[PDB]
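These protein sequence lines map, in sequence, to chains K, H, 4, 1 and Y.
Counted the way PDB author numbering counts, the first sequence spans residues 48 to 58, 103 to 126.
Counted the way PDB author numbering counts, the second sequence spans residues 50 to 120, 131 to 189.
Counted the way PDB author numbering counts, the third sequence spans residues 260 to 381, 390 to 431.
The opening position of the fourth sequence corresponds to residue 163 in PDB author numbering, with each subsequent residue numbered one higher.
Counted the way PDB author numbering counts, the fifth sequence spans residues 247 to 261, 276 to 383.
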Amino acid sequence: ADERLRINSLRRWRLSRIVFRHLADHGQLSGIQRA
Amino acid sequence: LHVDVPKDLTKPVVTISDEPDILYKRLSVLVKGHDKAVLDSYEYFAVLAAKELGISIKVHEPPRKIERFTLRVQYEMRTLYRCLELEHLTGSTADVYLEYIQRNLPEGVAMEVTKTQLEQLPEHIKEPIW
Amino acid sequence: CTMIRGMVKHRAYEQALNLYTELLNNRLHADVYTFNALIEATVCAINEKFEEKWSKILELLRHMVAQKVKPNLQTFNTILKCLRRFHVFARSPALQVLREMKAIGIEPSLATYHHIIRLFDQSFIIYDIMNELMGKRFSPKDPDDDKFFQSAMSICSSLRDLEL
Amino acid sequence: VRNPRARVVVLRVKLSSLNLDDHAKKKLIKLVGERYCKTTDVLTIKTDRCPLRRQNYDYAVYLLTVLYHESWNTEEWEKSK
Amino acid sequence: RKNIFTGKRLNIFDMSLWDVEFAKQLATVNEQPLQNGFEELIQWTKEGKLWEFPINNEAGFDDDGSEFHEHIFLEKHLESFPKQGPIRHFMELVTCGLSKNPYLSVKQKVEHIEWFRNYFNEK
């Protein structure tokens, strides 16, 4: 991890499209409307 | 309560320190929400509180922002703004007012307080080093 | 002192007294809390009359003076909690103890006046206590303070006085 | 409650309020560059390097001090303008 | 016709786990249920469950009491490195990067420098 960065030197909601759609349609994601 | 009243109340302890108070030239409070009515209610509350504390306040409305996106199915996010600019308030007044209005900040509303403190030049810069 | 306090806490009054005699025999001293334990034990000891027990309490206090230990609120509160067991004969000892506390600079708590009120309620003294306490704010000092107002209100119930 | 944007500090001072002569002012302006706005005569030093905000405030004050001192200093090399 | 505070007196005086348990027993004597919402907020503030207002985004964080010069000037940790070779150049680049890092503490920066020291010492 850090070792890898060193040797290199030497050289939005995190849900699925489906599960997002269900919550966004049910009004459970705050702020998300439909256009 | 018609008869049963608290005979006396314990006022909180506010001590007058010896250190000098901080001075704010301006104090801009930008509140963001998804609802214009909630921002209007909060503006009314904040302005009335500022009047009742003697603070000088001005209110304006920055332009709204709209983030649209697609998964067709089109989704939207609205962000509405209200800006409350306070002028010429000391450190203690600013702290008490901010505590009040931040504790009474409604759900779904975020705040950004920009404080412009007034400071004197450091002693070490007044005259060149010889 | 730890052993004596444990013994008295679990009703080992005679054994506590024996261990205190041993403490004296070893030329050791006792603490204020130890002496509170002893006062409780001496009163809870069976088959003795009021005068003998009061004399033992006075002897214990003279020992406290001898060992250079100064009392606290708990000592005199324990003495009054004990005196509550002896009804009419204990009233003037209780007033003496109250006068001693006010004299030696230890401010009485609510538990003290609670104990006095109950030892007397078995009653114009509540008026004096109220005249003292009017306008004061209290802080937690004795576990029995929360029993005061209850007892106090009981008196206003029995005496049938609304102003009190 | 953490927010990474709260560490930023912005110091604003008018150069006319500092004790600078002609050469000192010229050197300070050339050193700072775009931080100095000619229209407003304001020098704006924004510090966000350090994690905390008190550290960035101290750094801004230190930057201003060193800029003033190196504006009042004439290197040997300066003579070749 | 006199108060109970004037009269005869005794004249006898003039002027661990036990302690913890007695203190918690004294705590109980004023241990009442909450009376309203403000009291609940006060109790949560005292217990540390509720945030402290006005909001300070750097609350409970001090960065080990470090000062700016311990973040911005990291070139005293390059003393054991070569002073004028390309290794000096590379480590100057590394420290210039690290001194612009607001997300690391001083300890992590110096640990990076010490790892670099070890690696270049081996090679």
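Ideal placement from N, C-alpha and C gives every residue a C-beta, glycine not left out.
| Query | Result |
| --- | --- |
| Within-8 Å CB hit, residue 184 (chain H) to chain 1 | yes |
| Counterpart residues of residue 36 (chain H) in DSSP-defined beta bridges | Chain H is shown from 50 up to 189; residue 36 (chain H) falls before or after that span and cannot be answered. |
| Members of the region 193-221 of chain 1 near chain Y, C-beta cut-off 7 Å | 210, 211, 212, 213, 214, 215, 217, 220 and 221 |
| Start and end residues, beta strand (DSSP E) containing residue 174 (chain 1) | 171-176 |
| Listed by chain order, chain Y residues near residue 53 (chain K) by CB distance under 8 Å | 372, 375, 376 and 379 |
| Minimum Cβ-Cβ distance from residue 165 (chain 1) to chain Y less than 8 Å | yes |
| Minimum Cβ-Cβ distance from residue 366 (chain Y) to chain K less than 8 Å | no |
| The region 336-352 of chain 4 touching the region 297-304 of chain 4, judged by at least three CB pairs closer than 8 Å | yes |
| Chain 1 contact for residue 112 (chain H) (CB, 8 Å cutoff) | no |
| Interface flag, residue 162 (chain H) vs chain Y, CB-CB below 8 Å | yes |
| Short-range partners of chain 1 found in the region 311-333 of chain Y, where Cβ spacing is below 7 Å | 311, 315, 317, 318, 319, 323, 327, 328, 331 and 332 |
| Contact belief for residue 405 (chain 4) with residue 412 (chain 4) at Cβ below 8 Å, rounded distance in angstroms | 7 Å |
| CB contact check: residue 83 (chain H) to chain K, cutoff 8 Å | yes |
| CA-to-CA distance, residue 315 (chain Y) to residue 118 (chain K), given in whole angstroms | 30 Å |
| C-alpha gap between residue 239 (chain 1) and residue 374 (chain Y), whole angstroms | 38 Å |
| Range of the contiguous beta strand (DSSP E) that encloses residue 125 (chain K) | 123-125 |
| Cβ-Cβ separation, residue 178 (chain H) to residue 75 (chain H) (assumed contact under 8 Å), whole Å | With 8 Å as the limit, residue 75 (chain H) and residue 178 (chain H) do not qualify as a contact, their Cβ atoms being about 14 Å apart. |
| Listed by chain order, chain K residues near residue 136 (chain H) by CB distance under 8 Å | 122, 123 and 124 |
| Collapsed DSSP secondary structure at residue 258 (chain Y) in the structure displayed | coil |
| Check whether residue 112 (chain H) and residue 234 (chain 1) have beta carbons under 8 Å apart | no |
| Residues that residue 154 (chain H) contacts on chain Y, provided the C-beta gap is smaller than 8 Å | 314 |
| Reference residue 190 (chain 1); option with closest CA among 228 (chain 1), 201 (chain 1) and 171 (chain 1) | 228 (chain 1) |
| Contact check, residue 353 (chain 4) vs residue 393 (chain 4), beta carbons under 8 Å | no |
| Where residue 115 (chain H) sits in the DSSP three-state scheme | strand |
| Backbone CA spacing between residue 290 (chain 4) and residue 342 (chain 4) [nearest angstrom] | 22 Å |
| Host alpha helix (DSSP H) of residue 56 (chain K) (start-end) | 49-57 |
| CA nearest to the CA of residue 181 (chain 1), picked from 241 (chain 1), 174 (chain 1) and 230 (chain 1) | 230 (chain 1) |
| With 16 other Cβ atoms within 10 Å as the buried cut-off, status of residue 50 (chain K) | exposed |
| Below-8 Å beta-carbon distance, residue 69 (chain H) vs any chain 1 residue | no |
| For residue 421 (chain 4), the residue or residues it bridges with in DSSP | Answer by DSSP bridge pairing: none, since residue 421 (chain 4) is not bridged. |
| For residue 57 (chain H), the nearest candidate out of 306 (chain 4), 402 (chain 4), 426 (chain 4) and 322 (chain 4) (CA to CA) | 402 (chain 4) |
| Buried/exposed call for residue 282 (chain Y), threshold 16 Cβ in 10 Å | exposed |
| DSSP beta-bridge partners of residue 82 (chain H) | 139 (chain H) |
| Cβ-Cβ separation, residue 209 (chain 1) to residue 226 (chain 1) (assumed contact under 8 Å), whole Å | That belief does not hold up - the Cβ atoms of residue 226 (chain 1) and residue 209 (chain 1) are roughly 10 Å apart, past 8 Å. |
| 8 Å contact criterion, which residue 171 (chain H) and residue 88 (chain H) should meet: CB distance rounded | Not really, about 14 Å apart at Cβ, beyond 8 Å. |
| With 16 other Cβ atoms within 10 Å as the buried cut-off, status of residue 189 (chain H) | exposed |
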